[PDB]
Amino acid sequence: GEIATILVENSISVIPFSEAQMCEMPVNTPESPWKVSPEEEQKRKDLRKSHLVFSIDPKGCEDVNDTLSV
RNA sequence: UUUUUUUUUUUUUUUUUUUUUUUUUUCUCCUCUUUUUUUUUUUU
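Residue 422 is where the first sequence starts when you use the authors' numbering, and the numbers rise one by one after that.
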């Protein structure tokens, strides 16, 4: 009840989305997961082999932003 | 040696109809005390 009060009062929504607002989703299905269409591999410039990328990240970091490489 | 007569289960069937959830009261009302209100910054 207290958490709910803090939400309602401070103007924050707790409603999951609707069908048409969900459905426009990237299909990360097991029968066909995501993988890059090769024309975009052309158009971009890969570095997954010739350079090292890693990250330190806070405990519990289910979603990383920060990365660097020198 | 004991004849003859004294009716019985109401008659009738071939009549029209154009609405509609509910329904009807109760008054004015003293919110107590460190504050201006804090604020960049970075790791989600």
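Don't be surprised by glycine CBs; every beta carbon is placed ideally from N, CA and C.
query                                                                                      : result
Have a look at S471 and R465 and give me their C-alpha separation to the nearest angstrom. : 15 angstroms
In whole angstroms, give me the CA-to-CA distance for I477 and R469.                       : 18 angstroms
Please state the DSSP three-state secondary structure of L489.                             : strand
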